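Inspection log for the structure reproduced underneath, given as structure tokens.
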Amino acid sequence: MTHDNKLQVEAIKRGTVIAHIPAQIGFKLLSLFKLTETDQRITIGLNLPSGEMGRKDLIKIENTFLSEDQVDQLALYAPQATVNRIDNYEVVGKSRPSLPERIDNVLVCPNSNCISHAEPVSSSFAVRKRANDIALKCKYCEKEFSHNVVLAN
Amino acid sequence: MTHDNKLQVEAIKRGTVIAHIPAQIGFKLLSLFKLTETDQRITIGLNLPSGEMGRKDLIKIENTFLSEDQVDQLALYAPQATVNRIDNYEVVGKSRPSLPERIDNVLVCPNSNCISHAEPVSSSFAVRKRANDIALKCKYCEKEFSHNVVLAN
Amino acid sequence: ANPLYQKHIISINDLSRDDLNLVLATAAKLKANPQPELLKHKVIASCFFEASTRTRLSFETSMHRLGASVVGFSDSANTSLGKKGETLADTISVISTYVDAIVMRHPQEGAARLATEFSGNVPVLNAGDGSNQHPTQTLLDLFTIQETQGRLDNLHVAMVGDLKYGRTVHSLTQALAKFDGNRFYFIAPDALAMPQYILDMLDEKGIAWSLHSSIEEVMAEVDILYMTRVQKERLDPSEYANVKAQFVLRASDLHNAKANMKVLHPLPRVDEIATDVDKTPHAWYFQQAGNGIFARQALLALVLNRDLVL
Amino acid sequence: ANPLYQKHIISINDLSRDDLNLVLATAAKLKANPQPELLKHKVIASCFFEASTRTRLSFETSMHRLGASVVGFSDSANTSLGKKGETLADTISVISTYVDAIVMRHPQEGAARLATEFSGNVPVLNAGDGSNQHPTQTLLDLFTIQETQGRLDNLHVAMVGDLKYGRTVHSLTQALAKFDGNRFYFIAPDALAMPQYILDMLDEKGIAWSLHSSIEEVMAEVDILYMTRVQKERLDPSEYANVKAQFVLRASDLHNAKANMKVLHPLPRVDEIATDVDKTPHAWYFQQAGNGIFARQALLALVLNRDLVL
Amino acid sequence: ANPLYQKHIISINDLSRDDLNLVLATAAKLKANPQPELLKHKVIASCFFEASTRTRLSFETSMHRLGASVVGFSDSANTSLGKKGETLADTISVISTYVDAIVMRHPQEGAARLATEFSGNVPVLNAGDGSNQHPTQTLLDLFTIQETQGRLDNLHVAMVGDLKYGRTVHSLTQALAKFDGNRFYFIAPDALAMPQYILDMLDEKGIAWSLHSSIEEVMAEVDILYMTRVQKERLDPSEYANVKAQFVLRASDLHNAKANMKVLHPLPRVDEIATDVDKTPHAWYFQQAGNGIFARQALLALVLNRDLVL
Amino acid sequence: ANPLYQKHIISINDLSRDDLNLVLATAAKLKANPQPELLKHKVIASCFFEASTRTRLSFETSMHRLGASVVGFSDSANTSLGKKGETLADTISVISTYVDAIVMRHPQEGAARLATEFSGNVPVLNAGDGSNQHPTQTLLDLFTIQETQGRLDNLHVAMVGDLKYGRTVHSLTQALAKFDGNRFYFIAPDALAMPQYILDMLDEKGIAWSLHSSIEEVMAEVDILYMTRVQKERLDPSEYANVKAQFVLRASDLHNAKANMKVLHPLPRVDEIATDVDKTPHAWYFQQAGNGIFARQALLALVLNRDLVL
Ligand SMILES: [Zn+2]
Ligand SMILES: [Zn+2]
């Protein structure tokens, strides 16, 4: 939690905490998933001294807890990152990100001739884990690509 | 410049603390100028209690020093923000966002027939201040527009 | 015989408040109890000289709802005869023999009126003449407005967009300034003001119409927000951009509006009406959009049918 | 209510073997005893955003066979609205009000799926989305295959031509690998192999599919020779010529085939299927071609109708 | 090194006062003693992405009168690429490796501005760029007002027609304002109004202007009558009509205009200046055309050369 | 009489080794001391039956740099005749009675080959001819590999993109194979594979090559990186996608390529070489363009002349 060192450092109140977030994907989550848009005090810690685990990003989401659904959503951008529920200045629940079935509206069907590109619809793909390498099936065009492909978009 | 001594604010030895930003601008900044696009120790405190501005956005960044320039760009959004350049736990001195005469690569010419649109070229805006608004000329289609219309949503 | 029997439906001006009210009363009855074989055996040609797909699928969907057979054409791809060389006169003359009625749409103005001359004694109904008229829209317009506030009077109708050119704000204005106490506020660009002659006839009645720079200048005091589309052509793109969001209506703007306030717009919208608006209860366009099937039915019913014992 | 009542008919994958079998059982009953007023009063719009004349004359011929009224459009000549500017969303939204159902065809993939979202609760049936789906063909495909060997299992289906791109060999494969013991031989150019993912799901069932260089490499051991068209574009003309006759099927080649072996092909053929083949008893295309009127009827019958007391 | 040496003529504002005289000083010289070999071996690209035959001919004829070879084309839709991959940035970069001067025209504002940052060390002359600029035409117009009248400061310049979208007026008015004493009479329809910017600047520089109802009130007062084509396209057939009759110049009206009074027009005249006008010496729009051959000659001649006994 | 004198440059195979050097030797000379009067009085027909602005401009600019006049045109559908009677055989026979060199381009393979047997004693340069040849481009490419590297034998030439239908690759590979030591790395999608012919010959001549998964494995090994545009058109939107990401060259990848390493591309680049590439000295596709002005200059210059102090 607290990247303490030798001075006064601030913590939160009752919120979800995500650490050991592969450095550089915190902002992405922040942007992408859009948890940034709130009147609740957030605190972030990009590029942190994880010494052995190099660096990490970190999102101390105050007064807010994430549904184990959302938690899962992390997986491709911050899989090993932990989301600990901290109530009353303490980890009531250490939570780890599992892989879901469907990925809602943060992804982009690389299919140019799709319809999802031009319209008022929210991206949805089916995650079919294969030999621990992912394939993502667009719910519209019915084309299936890999995770690496749709992650460049 | 706010000392919540229950969850005291951490002090970085030197770098750049961008304190006093109205809410929802801080992150808007993280992208707009690309401040996360560094492997440095950055600190994002968002929606902070300051009686003088309700929620304040705050951006500490280790050992980085913005020139008189990046400061000056902030103008368009975070105008009350103060860049307090730090060094050795104390401030070398404060800095305020002077309104510039140009704004490159970050805006988009409102003009739907502005070539800038389909081409490999940064938006460049000549910026003259006037009466009840800032007006900015495209470097390309050449049309004047208000800041109110160019930097909208 | 019912007032509008065998009549021609050409221009809104040409229907009186008593009239509108019949078709308005009728369409409504129709809405509840259908008469799927009312115009059975009858045949109507659709003559969309300037194709408007939905408007065609609407007259046609009304046509088929009373079991009426349909022949016709649309957007003369390129050189279909009855265009160059062949005068629309001679072309109304011929169809007037095969068909029991005629609904048409056309590029030049008055076309329908002319049609009426060689129409013989076969009913014609203008469904789009030039920048002149488009009554059928107006009907499904107020059939919709009436359906939301059971009255065509005491109304504060907001008419945003390109008032100037739009051919439906003028008539709807006309129509509405035939019922009482209609307060019309006009949200429009300097470059796209109302077309005065509408105004003068408005003052001649002595009707209220406060001009407006922003929608939030009426937002509270409104019922039927009628929003039309402004078009690129009739305004330099930089100027288009200049305004752009000056008259686009967002749902956030709807935090102000009345309970029963409903936003209407002939369709299609695109830059003007946002989707958050689609979901909020004031969104009614697709509803005015399906309502016209009944305003349409009615007109067709009253015209081909003698006595409307509905 | 009958399983497919009010359902959406979009992708073959989305129908299970029990399903196919109902519509298959139904169309068949239909074939014998018509119900020319089954969908009377009902109205269906045809929305061929990418005109396929025969496919339209087929849905439409089915539409009129149960006495159903029809409104619609096809190949938007050039700039018909609901194209640029107007989103197909808003355009499904509006028709969903006038019509009782919707059959459409479209250039981009998934279009139908999307349609389903704004369709409201009005049935939509994809009749051609992108290089994705075209279920209705598949149905009249197996309604035809079943009609020739009273079973969708124990079959050795030969699928020649451009397997790779053709959007009907993949589904028919899919469909067929839902019934048992289906041996699929694949006659195709190196440059136009099967699209693997079809293969993998095939092996996942553990189905048989011996790849083939020549048709005479299966010619004897076959029932449903399904032949598709290869296209110029996707292969240099010299290469087109290079192969040309490598996969064209002549009638002489049919001196080998089984009694009950029937050659099918969605149509049209041209260079692939010779006319001597037309005359020989294995020619059945125009038969699968008129059969789809019944596979089509059925789907329409089960979807708009509650209980199929045929 | 003359000033205009190696400089891209992109827009009127980047040309000072001194600048324009050195352009006007030249052409007056080349109209007297022309230098047919002064640009030999020079190849010039004439790249008309937007089609403009009349400007193209003047531009290429101008090159030819000085010795250059010319290569070029008209319309991207009449080019090899465009939307099919090639970008502007890349075409210019390439072309910028053959020729010594790119003169281009464009459907978009800024292409010129941008090409100048891709062309490498090749100067780029703007034949056109959307609603934006058009240097040569204006450089010319001035040179024609200078010749006819003998001066560029202290004039009674009246502009007429579509002041609003008028790309050439906004260019001439800014250049004239670089000089002193001028007064500008503005006589255009209320809708096709001179935009506010020009105005606002007109008064930053404290320059005399004033709006007018017709040319009746000013006919004498004026020296130069820059005419401009109005547009039914800009208006509406019926709109166009009611005002068009307010802005046609008959020979009769020149009636009592000063001996020095001249009439200008960027051409194509088409309703405005009626034919009886041409016989009056006040007519000078053709005389104005023949001048761009010197207008443009001067530019090209200055851009690529350094010294001149001109 | 130099060798290439009066010879029609129809295709790469009829050019020996000596042949290409005498072409490469020339241009290197004309890039140093250019002869602006060396082809005066010469009129050349530039006959672009297929539209190719970029090749047209280079070709005509090349003529102009040597003194010839030029006359020509673009597209038969933009000519007087074609399908309406006139034959190729006859147009050439006629035209072959004005000009001294026909340079043509064509939608069909062989037009060049054929024109050479109609043109009479007029030499005929092939700007293009269907899937077939394209001499000048290649003659050029070599001259650009010779200049950048200093040699044409013993290279680490890697080709990338659409090797299959790639008209320019098949031409460059054959010419390089006329020289010794070269090795060819092939990195293209399994479908857009280098055709077998080239291969088969590649090994008749016992030349070193090998197929590769990406440019990762070879980035250093190579000296010259001839890039080529892949094609969604060749693939299928979804197909295109899965592999396109396998063949884009970022500046990052040049990462650790030899100091001499160069990047080539016939242009229009459009996805492959991303823009960050251009700032690296390894970028040389524009430098390559400016060279065809010498490539082609040499040809024309050799074809019509006999002696040269070149
Ligand atoms: Zn998709
Ligand atoms: Zn711009």
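If you go along the chain as it appears here, the first residue is 1 and each next one adds 1.
Per deposition record, X-ray crystallography, 2.7 Å.
Using N, Cα and C of the backbone, Cβ positions are placed for all residues, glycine too.
Annotation source Swiss-Prot lists carbamoyl phosphate binding site at F:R54, F:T55, F:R105, F:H134, F:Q137, F:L267, F:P268. DSSP classifies F:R54 (carbamoyl phosphate binding site) as helix under the three-state reduction.
In the three-state DSSP classification, F:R229 (L-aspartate binding site) falls within coil. Per Swiss-Prot, L-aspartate binding site is recorded for F:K84, F:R167, F:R229.
Of all Cα pairs drawn from F:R54, F:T55, F:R105, F:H134, F:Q137, F:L267, F:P268, which the record names as binding carbamoyl phosphate, the longest spans 18 Å.
Within 10 Å of the Cα of F:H134 (carbamoyl phosphate binding site), the following binding-site residues from the list F:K84, F:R167, F:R229 place their own Cα: F:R167.
Of F:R54, F:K84, F:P268, listed as binding-site residues, those near chain E by the criterion of a Cβ under 8 Å from one of its Cβ atoms are F:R54, F:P268. F:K84 (L-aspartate binding site) sits 20 Å from F:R105 (carbamoyl phosphate binding site), taking the Cα positions as reference. F:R167 (L-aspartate binding site) sits 10 Å from F:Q137 (carbamoyl phosphate binding site), taking the C-alpha atoms as the reference points. In the structure as shown, the Cβ atom of F:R229 (L-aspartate binding site) sits within 10 Å of 19 other Cβ atoms. Cβ neighbour count for F:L267 (carbamoyl phosphate binding site) (all protein chains, 10 Å cutoff from its Cβ): 21.
Across the residues annotated as binding L-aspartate (F:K84, F:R167, F:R229), the widest Cα-Cα separation comes to 35 Å. Least packed by the Cβ count within 10 Å, out of the binding-site residues F:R105, F:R167, is F:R167.
With the fewest other Cβ atoms inside 10 Å of its Cβ, the least crowded of the binding-site residues F:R54, F:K84, F:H134 in this structure is F:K84.
Applying an 8 A CB threshold to same-chain residues 6+ apart, the list for F:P268 (carbamoyl phosphate binding site) reads F:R54, F:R229. F:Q137 (carbamoyl phosphate binding site) falls within a helix when secondary structure is assigned with DSSP.
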